[PDB]
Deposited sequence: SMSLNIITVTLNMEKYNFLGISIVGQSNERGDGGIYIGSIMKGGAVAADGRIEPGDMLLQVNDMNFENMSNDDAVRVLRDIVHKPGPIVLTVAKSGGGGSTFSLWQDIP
């Protein structure tokens, strides 16, 4: 259930992120994540391209994700 969606085509993920401890709050039309369809809202975002958000300040992780936009590989723990 800890899926590792890696779908992407370089040029937007199309998601929103909430922090409690970081998970997917919404999926928006037209983005890479929406195209894949598997990372449902509420799934926890565990890893992005082998970078783990564990302990890492939610902001630092968010900035990292900002920085990544090469291909984006998301590891999510589906509810």
Next on the checklist: Comparing the deposited sequence with the modelled residues, which stretches have no C-alpha coordinates?
Outcome noted: 1-4, 16-17, 27-33, 83-85, 96-109
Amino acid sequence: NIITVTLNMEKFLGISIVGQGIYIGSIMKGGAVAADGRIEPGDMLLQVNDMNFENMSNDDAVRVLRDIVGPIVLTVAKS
From here on, numbers count along this sequence of modelled residues.
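Here the rigid core means the biggest group of C-alpha atoms that line up within 1.5 Å when the two forms are laid on top of each other.
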Item to check | Between 28-36 and 50-58, larger RMS Cα displacement in 6 other deposited structures of this protein after core fit | outcome: 50-58
Checklist outcome for this item: In terms of its chain's C-alpha B-factors, the third that includes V33 is the middle
Item to check | Record-listed C-alpha B factor of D43: chain third | outcome: lowest
Checklist entry - According to the PDB entry, is the CA B factor of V18 in the bottom, middle or top third of its chain, that is, lowest, middle or highest? => result lowest
Checklist entry - By the record's CA B-factor, is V69 among the lowest, middle or highest third of residues in the chain? => result middle
Next on the checklist: Where does the C-alpha B-factor of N8 rank in its chain, lowest, middle or highest third?
Outcome noted: highest
